[PDB]
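*Asks:* Provided hereafter are the protein sequence and its experimental coordinates.
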Amino acid sequence: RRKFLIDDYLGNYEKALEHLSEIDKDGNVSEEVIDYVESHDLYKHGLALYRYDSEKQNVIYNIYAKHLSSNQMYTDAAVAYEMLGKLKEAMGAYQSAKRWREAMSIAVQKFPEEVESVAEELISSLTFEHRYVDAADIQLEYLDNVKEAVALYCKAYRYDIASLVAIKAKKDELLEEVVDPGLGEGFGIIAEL
Amino acid sequence: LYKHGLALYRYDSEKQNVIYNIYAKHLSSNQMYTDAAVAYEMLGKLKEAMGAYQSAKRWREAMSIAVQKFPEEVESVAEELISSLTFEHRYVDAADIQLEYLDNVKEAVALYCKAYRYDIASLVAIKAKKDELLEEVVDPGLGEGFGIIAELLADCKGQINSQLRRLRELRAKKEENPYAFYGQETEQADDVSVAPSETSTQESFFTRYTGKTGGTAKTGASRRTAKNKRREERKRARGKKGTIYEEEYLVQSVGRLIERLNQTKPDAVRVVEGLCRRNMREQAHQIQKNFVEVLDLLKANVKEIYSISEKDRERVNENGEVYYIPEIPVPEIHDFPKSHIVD
């Protein structure tokens, strides 16, 4: 406690935390260490101190990933949440950070009830900002909507694979309903370009 | 002429049809199998179009035609030709075809793991509701990826540990090689294991074989066998590096290092995520420290090489101990996209 106080007053907060960890070495780091690391952002030091202590790495990761998610640090926060099994926050950060395949896999894995909700939802956002293929495939992954999938196969100027997915579903009407008109407007605007 | 004739019907229909019917064989004989497929489609050759597509390995349209017309002939084109493309590191296309047409789950996920798309393999298994891939398939894939990455990133460490010195003869073995007739000037690819295998010399990397000094014909298929002739008969009568000896390999000494880092970094990110997902969280730090260490070493070591100044037709600056022989244009390779829970 002596060394902790000297270092706390002197501003060397890293060695202060290093000494502070020694007092509660044999139990569960009480709230003192948690509050200290949250106040000084000693998370790297507060983790390296217990880098080999899994039984307290649980709490260190919990608080650190809470900080990560609260500080716009999405992907690492989501991965740490999956490390701790924090399913809800992990899903929120995955689908917030445009993490498509992991979100779909978990949605169909443990909570199929949400598959109809989230998937098409992301299909909106991906289509919003010039991301078609990653959303085009989803419409046939589980939704099995051929037209709403090939619509982004003809819009992305992927004509050959657009016809390919229209044929692998055996749609000779889509050959003139989505492939032909999308094709037409596409090469018209390409001639303009 | 035939070309003028075919251009003469750009506004005629029956003439265009008949010129297809006549000149399609010659056009296919010329070049660019794609035009052969176009002619086959236009003239109704729906079975040899499959052969043309399987010639240059065009596959999606082959299966499309097979599904359209010949449902009995959908297994011959896909199942038989997948192996040839499989055998040469094109694992992704093989796995895609296998999963999408042949209904295979074990080897498809195995080839996804070999393709380092472990999350997509997990999604596929979730479609099949299986979780035993994690140990039978995902575990060996992750282990092999980590092992080969630790192998490859440790390969450049040796090759950069024999490059710093001014006189590039300080390889502890290259200063003794005369390289007069047994020279390895152009296909040189290694600096820490330079010139091994006295008989049938084959370097580690063979993609950097310029063949400049192989001979007058500029080709000998290797530098071990050919005449290996160049200016002023490079021998041991030289002084330092800057006199009559190797001058050309210096530029490629960094091109040999450029490729793998850029071509492997996304694989590195994906395998870090996958290998930490097993909650080790420290072999991910192993990859991180290996990568940052090798990049820092190479970038701090290439700070002693500068441009060749005025480029000259012949090697200059004979006094290599003082006349700045190892000069090389500076490269530009960046660091890794930093993660935080790996810190």
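*Replies:* Received it, and whenever you're ready, just let me know what you need. Residues are numbered from 1 along each chain as shown, chains lettered A, B, ... in the order given.
*Asks:* spell out which parts of the stretch 51-200 of chain B neighbour chain A.
*Replies:* Where proximity means C-beta under 8 Å from any C-beta of the partner chain, the interface of the stretch 51-200 of chain B facing chain A comprises B:60, B:61, B:63, B:64, B:67, B:68, B:119, B:120, B:122, B:123, B:126, B:127. In short, each C-beta sits where N, CA and C put it, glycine included.
*Asks:* just the buried ones from the residues you listed, in ChimeraX syntax?
*Replies:* Selection command for ChimeraX covering only the buried members of those, criterion 16 or more other C-beta atoms under 10 Å in any protein chain shown:
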select /B:60,61,63,64,67,119,120,122,123,126,127
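*Asks:* keep only those of the residues of the stretch 51-200 of chain B next to chain A that are in helices.
*Replies:* Counting by DSSP state H, those place B:60, B:61, B:63, B:64, B:67, B:68, B:119, B:120, B:122, B:123, B:126, B:127 in helices.
*Asks:* does the fifth one touch residue A:169 like I think?
*Replies:* No. The criterion here is C-beta atoms under 8 Å, and residue B:67 misses it with residue A:169 at 9.9 Å.
*Asks:* residue nearest the centroid of chain A?
*Replies:* Central residue of chain A (C-alpha atoms, centre = their mean): residue A:94, 2.2 Å from the mean position.
*Asks:* my read is that that one contacts residue A:103, right?
*Replies:* Yes. Counting by C-beta under 8 Å, residue A:94 does reach residue A:103; the two are 4.7 Å apart.
*Asks:* residue of chain A closest to chain B, please.
*Replies:* Of all residues in chain A, residue A:105 sits closest to chain B, at 3.8 Å by C-beta to the nearest C-beta.
*Asks:* next, residue B:241: phi, psi?
*Replies:* Recorded main-chain torsions at residue B:241 are phi -80, psi 110, according to degrees, to the nearest 10.
*Asks:* please name the bridge partners of it.
*Replies:* Using DSSP bridges, the bridge partners assigned to residue B:241 are residue B:243.
*Asks:* who's the closest spatial neighbour of residue B:167, skipping the chain neighbours?
*Replies:* Using C-beta to C-beta, 6 or more residues apart in numbering or on different chains and skipping the chain neighbours, the partner closest in space to residue B:167 is residue B:241 (4.8 Å).
*Asks:* in contact with whichever residue of chain B sits closest to chain A, which residues?
*Replies:* Per C-beta to the nearest C-beta, residue B:123 is where chain B lies closest to chain A, at 3.8 Å. Counting by C-beta atoms under 8 Å, 6 or more residues apart in numbering or on different chains, residue B:123 touches A:101, A:104, A:105, A:108.
*Asks:* from these, pick the one nearest residue B:261.
*Replies:* residue A:101 (25.6 Å; C-beta to C-beta).
*Asks:* show me which residues of chain A sit near chain B.
*Replies:* Residues of chain A lying close to chain B (C-beta under 8 Å from any C-beta) are A:44, A:47, A:61, A:64-65, A:68, A:73, A:75-76, A:79-80, A:82-83, A:101-102, A:104-105, A:108-109, A:142, A:160-161, A:163-164, A:167-168, A:170.
*Asks:* among those residues, which ones are buried?
*Replies:* The buried subset of the residues of chain A next to chain B - by 16+ other C-beta under 10 Å - is A:47, A:61, A:64-65, A:68, A:73, A:75-76, A:79-80, A:82-83, A:101-102, A:104-105, A:108-109, A:161, A:163-164, A:167-168.
*Asks:* count of residues packed around the residue nearest to residue A:73 when sequence neighbours are not counted?
*Replies:* Leaving aside its chain neighbours, residue A:73 sits nearest to residue B:340 (6.3 Å; criterion: C-beta to C-beta, 6+ apart). By the criterion of other C-beta atoms under 10 Å in any protein chain shown, residue B:340 has 18 neighbours.
*Asks:* secondary structure element for residue B:340?
*Replies:* If you go by DSSP states H and E, residue B:340 is not part of any helix or strand.
*Asks:* quick one, what contacts it?
*Replies:* A:68, A:73, A:76.
*Asks:* which residues sit against the helix or strand where residue B:17 lies?
*Replies:* Using DSSP H and E, residue B:17 sits within helix B:13-30. The contact list for helix B:13-30 (C-beta under 8 Å, 6+ apart) reads B:2, B:5-6, B:8-10, B:35-36, B:39-40, B:42-43, B:52.
*Asks:* as CSV, could you dump the C-alpha coordinates of it?
*Replies:* The C-alpha coordinates for helix B:13-30 follow below in CSV (Å, rounded to 0.1, in the frame of the first residue of the first chain):
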residue,chain,number,x,y,z
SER,B,13,-27.8,-10.8,-91.2
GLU,B,14,-27.7,-13.8,-93.6
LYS,B,15,-24.2,-12.9,-94.7
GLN,B,16,-23.1,-12.8,-91.1
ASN,B,17,-24.7,-16.2,-90.5
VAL,B,18,-23.0,-17.8,-93.5
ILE,B,19,-19.6,-16.3,-92.7
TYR,B,20,-20.0,-17.7,-89.2
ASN,B,21,-20.9,-21.1,-90.6
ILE,B,22,-17.8,-21.1,-92.9
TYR,B,23,-15.1,-19.2,-90.9
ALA,B,24,-15.8,-20.6,-87.4
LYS,B,25,-13.4,-23.4,-87.8
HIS,B,26,-10.6,-21.1,-89.0
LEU,B,27,-11.4,-18.6,-86.2
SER,B,28,-11.2,-21.4,-83.6
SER,B,29,-7.9,-22.6,-85.2
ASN,B,30,-6.4,-19.1,-84.9
